[PDB]
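Backbone-built Cβ (ideal geometry, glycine too); neighbour counts: all protein chains shown. Just so it is clear, none of the values below were taken in a lab; they were calculated from the coordinates.
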């Protein structure tokens, strides 16, 4: 997780949402380090057994 | 109209928010746009990411009682277990005070 | 609309929907009664201590 | 309003509201009594010393 | 600090709450009403935004 | 925090009353079925505060024009309400066809 | 040690309140169940400050569509909201589809908010997607007596 100050923290709780810009964040406004962005007009989101 | 003619007065506009769960509930069953929700992003009801309307129908409550009852049981047990801690702390403090 | 002499309209009420609506409303009432029972029992253990 | 002949009016009292109000009132009464007991203990501990 | 108003559907910032830190917070002369005044034993306060 | 429970109980009791009124008023020629309408409430924080009732809604669906005979009875198969006046002069609107 | 226990008690109370609110708003049409999420809080290390509520999130899964008849009602199959306007210029968004007509012939929900839709312009009027949304009016005034232009 990319902290606002600049460093990175680590979490075990998986409950993700989407911020106003469309990028995947955790509950609390913090965004994941790889910066996954969900595009608009998205019918469904799937996450495989691996990280894809 | 009786003259076998059809007159259109407009169309209902839908809205797809950039992200839900950021809308703030306002009393009755309405939502207010705010931060973490983006602009309304209005559009027609036919195409885009908007769903298809169905005339003469309504949505249900999407609430299942079976889940709620067991969740209430678990929550009550957790509350009682928490109150046990307060009771034990009070007893410890009383024993310390009495000496 | 037009009128028809020597006729009366029905009550537009069908019992088949009413019975199941009564059943589901009864279940909702029972569930809310369970909720208030829990809300009282939780306060009882707090007040008794 | 006009009178209706051969009919009587009910009491407009619903037991459903009354029972839950009674439960709430009993809990409030118990909490207030707990306040008095706490005040009495706080005074007894002070005076005994 | 942001403030929401009747219209415009957008919060408006009304300022920021900076806070000042001290080199040696122990050496603060403690006047009443939960107030401290810096002395020679405590360095000159340095202000900053929270979290930095 | 009894507000949720008491509001839910009131809503359920109102729904039961509406259903009972509807079933009791069966076989009544000039009767239109009704249905309750609910709405959640949110005052301050995100946690809800129960459900209010938004007034009952009638159903103006046409019934079945049964032929009971005689002539002092007229049925309406579409939109339209009979207009009547009382002794004191006030105006009411109804659909009952029983006349004499 | 009272702080941690009190925080846990408040978290449990909030969870129970959310459960009760969900269980009471049943049979409501445009309603989405909500759930509470908690998060711990440590000052530094080896010190626990209890737990706090990290917001309440509503599950926006579409509910079961019901064939209630009527004509002035509509159910949305997928994601989407109806846009309503308040008398003070405020704009709200709703999922319920109970509509009616008020005295001045405006499509209004059951609470007194004007439905908003794309205005229709032209002769004969058409639907334009570039026009600003406005409250919809459906007056009963008769259509203009247009003459014959081509055949």
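Quick check on residue G:7: is it over 21 Å from residue B:25 (Cβ atoms) and either assigned to a loop (DSSP other than H, G, I, E, B) or in contact with a strand residue (DSSP E or B) (Cβ under 9 Å, 6 or more places away or on another chain) (or both)? Against the criterion (over 21 Å from residue B:25 (Cβ atoms) and either assigned to a loop (DSSP other than H, G, I, E, B) or in contact with a strand residue (DSSP E or B) (Cβ under 9 Å, 6 or more places away or on another chain) (or both)), residue G:7 qualifies.
A single entry from B:35, B:80 fulfils the requirement of being within 28 Å of residue G:21 (Cα to Cα), touching a residue at least 12 places away in the same chain (Cβ under 8 Å), facing another protein chain (nearest Cβ under 7 Å) and surrounded by fewer than 16 Cβ atoms within 10 Å (Cβ to Cβ): B:35.
Determine, yes or no, whether residue C:4 is within 8 Å of chain F (Cβ to nearest Cβ) and under 20 Å from residue B:82 (Cα atoms). Considered against the rule, which asks whether it is within 8 Å of chain F (Cβ to nearest Cβ) and under 20 Å from residue B:82 (Cα atoms), residue C:4 comes out as no. All of G:104, G:96 fail the test of being within 28 Å of residue E:7 (Cβ to Cβ) and more than 7 Å from chain B (Cβ to nearest Cβ), apart from G:104.
Among the residues making up the range A:10-52, none is away from every other protein chain (no Cβ under 12 Å), surrounded by fewer than 10 Cβ atoms within 10 Å (Cβ to Cβ) and touching a residue at least 12 places away in the same chain (Cβ under 8 Å).
Looking at F:84, F:72, F:49 in this structure, which one is buried (at least 18 other Cβ atoms within 10 Å of the Cβ) and either within 13 Å of chain C (Cβ to nearest Cβ) or farther than 19 Å from residue B:59 by Cα (or both)? Only one candidate qualifies: F:49. Looking only at the range E:13-52, residues that are surrounded by 10 or more Cβ atoms within 10 Å (Cβ to Cβ) and within 30 Å of residue G:87 (Cα to Cα) come to 0 in all. So residue G:43 clears everything in (1) closer than 30 Å to residue G:2 by Cα; (2) more than 11 Å from chain B (Cβ to nearest Cβ); (3) touching a strand residue (DSSP E or B) at 6+ places or on another chain (Cβ under 9 Å); (4) surrounded by fewer than 18 Cβ atoms within 10 Å (Cβ to Cβ) except one condition, right? Which one? Looking at each condition in turn, residue G:43 falls short on (3). Counting the residues of the range G:112-128 that are within 9 Å of chain B (Cβ to nearest Cβ), assigned to a loop (DSSP other than H, G, I, E, B) and surrounded by fewer than 18 Cβ atoms within 10 Å (Cβ to Cβ) gives 1.
Taking only the range A:1-33 into account, find how many residues are assigned to a loop (DSSP other than H, G, I, E, B) and within 30 Å of residue B:15 (Cα to Cα). Selection size over the range A:1-33: 11. In the set (1) touching a strand residue (DSSP E or B) at 6+ places or on another chain (Cβ under 9 Å); (2) outside any loop (DSSP other than H, G, I, E, B), the condition left unmet by residue E:26 is number (1). Name the one entry in G:28, G:35, G:57, G:64 that is in contact with a strand residue (DSSP E or B) (Cβ under 7 Å, 6 or more places away or on another chain) and over 24 Å from residue B:34 (Cα atoms). Just a single option satisfies the conditions, and that option is G:28. Of all the listed residues (G:132, G:106), the sole one being surrounded by 15 or more Cβ atoms within 10 Å (Cβ to Cβ) and within 24 Å of residue B:40 (Cβ to Cβ) is G:106.
Here residue F:37 meets the list (1) in contact with a helix residue (DSSP H, G or I) (Cβ under 9 Å, 6 or more places away or on another chain); (2) within 12 Å of chain G (Cβ to nearest Cβ); (3) closer than 23 Å to residue C:15 by Cβ almost entirely, failing just condition (1). Kindly indicate which of C:5, C:21, C:44 is more than 14 Å from residue F:4 (Cα to Cα) and buried (at least 16 other Cβ atoms within 10 Å of the Cβ). Going through C:5, C:21, C:44 in turn, just one is more than 14 Å from residue F:4 (Cα to Cα) and buried (at least 16 other Cβ atoms within 10 Å of the Cβ): C:21. On the basis of being within 12 Å of chain C (Cβ to nearest Cβ) and loosely packed, with under 14 Cβ neighbours inside 10 Å, does residue F:21 make the cut? For residue F:21, the condition - within 12 Å of chain C (Cβ to nearest Cβ) and loosely packed, with under 14 Cβ neighbours inside 10 Å - is met. For the range F:25-74, residues that are assigned to a loop (DSSP other than H, G, I, E, B) and more than 30 Å from residue C:4 (Cβ to Cβ) total 14.
Restricting the search to the range G:135-151, which residues are at the interface with another protein chain (Cβ under 8 Å from one of its Cβ atoms) and touching a residue at least 24 places away in the same chain (Cβ under 8 Å)?
Answer for the range G:135-151, where residues must be at the interface with another protein chain (Cβ under 8 Å from one of its Cβ atoms) and touching a residue at least 24 places away in the same chain (Cβ under 8 Å): G:136, G:137, G:138.
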